Each structure stands twice: as structure tokens, then as C-alpha cells.
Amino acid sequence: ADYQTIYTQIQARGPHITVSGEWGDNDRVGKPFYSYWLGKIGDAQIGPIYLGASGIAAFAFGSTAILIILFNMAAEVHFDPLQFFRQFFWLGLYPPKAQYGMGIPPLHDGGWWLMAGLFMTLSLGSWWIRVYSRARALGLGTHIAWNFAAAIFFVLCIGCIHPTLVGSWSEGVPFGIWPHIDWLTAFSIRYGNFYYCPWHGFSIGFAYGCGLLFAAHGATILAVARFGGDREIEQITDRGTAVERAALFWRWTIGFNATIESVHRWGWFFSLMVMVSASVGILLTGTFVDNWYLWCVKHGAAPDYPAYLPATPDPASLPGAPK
């Protein structure tokens, strides 16, 4: 076995490299330190950190959002610090419970929720241009930023675009561990079972394929570490036996293959498609489909099954039944 794929046997230390960016080279802060155990499964060097305007903008807005959430959570346990730790996962900040439509809700019923939402959104925008601008300062493509943009767009969809399109803030995702989880069933129940939403299926298809691809890709590169396949940039510009063998492994297995560069396009596209497909689904939900199961029945897609115990007429539609 090649033990180098499991962990680094002999770590190396050496002077810290700094690649100069078109700007902000002075805004890198902290002194690098090295971790020996980290260095067995990774790169040992932790830090420094770039610290631009946007990074701080993000921390500013995010902490505002986190504080708005935490104080509302604490208010839910009338500020008892011990019950706060005990009940933390059950505590949340909820959108309006009553129907105000698009009206700005009272603070005690989703106003605070709305404001945490604004400040998180601003934090995501700030972090986004950090992710983008860092790439141009170092003279790199904006690939990551576009993938990240899709992720942010999906959050906006479940957070406020979908509430806007149906016209009720009551449909936002709550903040909280279990509470954000509870929303998923409430939403799915309201809209007729998300298993019958094709864009759910697409999202899952790509999400699972990200599992398939990264397991497959990660395993492939490790299988060709002896020939240097981890040095992927120079294997793009000067094909070595590593990617030759990697390509022939797959070609002989599934009948076709990629290049060392294009597999990364595959992976980038699949991860992007998780969020693009999820977004289309939410945009269509509520606005143009009310019950995803009935929509599948309408179009002849739903499976059907014989009764096991006897079919049961809705009692509410028998004559003279109470309401």
C-alpha cells in the first residue's frame, strides 16, 4: 500500500511562502504557526489571514445577525442561563406566525426575524465579494465566486424571494437548530410532498453525484499519487502518466473518460447544479404549483398501490357528518 495517501510519513518545514496580491498585501495579519498532527493529514501551516474591508463588513453584519438571534433565543427561556444551554437546539427566532402579507411584521412576531435576515444577507454579500475580489487580486478565475453565488441565491430563495412571490413573510426559514429543521416538514407538507417536486429530484441527483464524483475523483488522485497526480495544474498543461492512467482506468471501466481539467468542470458543474435546481424548485413552489403530488398525478407520473387495509372514505364528505 502507498501509505502517503493515508498520512504524511515525514513532514517538511520551511520558510513561509507569500504570493503577492495586486492589493491588500499589508492586510494579511497574524503570524503563521505549524501543527504537527494537522500536518499528518494536511498542510501544517495555519495562518496568516487576509483581513480586507469586506471580510470585516461580513463579520460586522454577521455578528449583528447572530446577536439578534441569540438575544431572542435567551428571551425565550426568560434569560435563565442554565435552561439556555439545556434547551439550545429547541430555541429559535421565528418569522411572523400571523398573516400580515408583505406588511412589515411586529417585532414580537417576526420583526426581529426579518432584521436578522437582512443582516445575514448583508454578511453573505460582503463575504461574496471577498471570495471574488481575492481571486482577482491573486490573478485567478472567478469560478469559486460563481459557485458561491448560486449557494447565496438559493438561501435568498428560501429566505425571502419565495415569501415575496407568494406575498407572506410567514414562509421564511426560522433561525435555530431544530426550528430550521421543522420548517422543512412544514414546507413540504404545505406544498404536497417535496418528493414529487422534480427540481427536488434534480437537486438530489446532483447532490448524490457530488458524492459519487468526489469519492471517485479523490480516490483516483490518491491511486495516482505515486506519479504526482496531485500536482494537477502541471498535469493539465503537460499530461503525465498519472492522468494518462487515471483516464485509462475510467475509460476501461465505463467506456469513456475525462481530462484532468474537465473532471473539475464536471464536479464544479454538479455542485453548481445542486443549488440552481433547488432554486428553480422553490421559485416554482407556491407561485405556480400548490401541491406537488397532485401535479404529478395531473401529469400521470405518480405511482399507485392497491389497498392493504380497506380504502377509507373521507368521513367529512359523508352525508350529515359534523364539521
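A residue's number is simply how far along the shown sequence it sits, counting from 1.
What stretch has the higher average Cα B-factor here, 203 to 211 or 100 to 108?
So the stretch with the higher mean C-alpha B-factor is 100 to 108.
Taking the C-alpha B-factors as the PDB entry records them, is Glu76 in the lowest, middle or highest third of its chain?
Ranked within chain, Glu76 CA B lands in the highest tercile.
Please rank the C-alpha B-factors of the chain's modelled residues and tell me whether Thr285 sits in the lowest, middle or highest third.
Bottom third by C-alpha B-factor.
Report the third (lowest, middle or highest) to which the CA temperature factor of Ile144 belongs, ranking only the modelled residues of the same chain.
Tercile = middle for this residue's CA B-factor.
Test of reading the entry: by CA B factor among the chain's modelled residues, which third contains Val19?
Tercile = highest for this residue's CA B-factor.
Using the temperature factors of the C-alpha atoms in this entry, rank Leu124 within its chain: lowest, middle or highest third.
It belongs to the highest third of the chain when residues are ordered by C-alpha B-factor.
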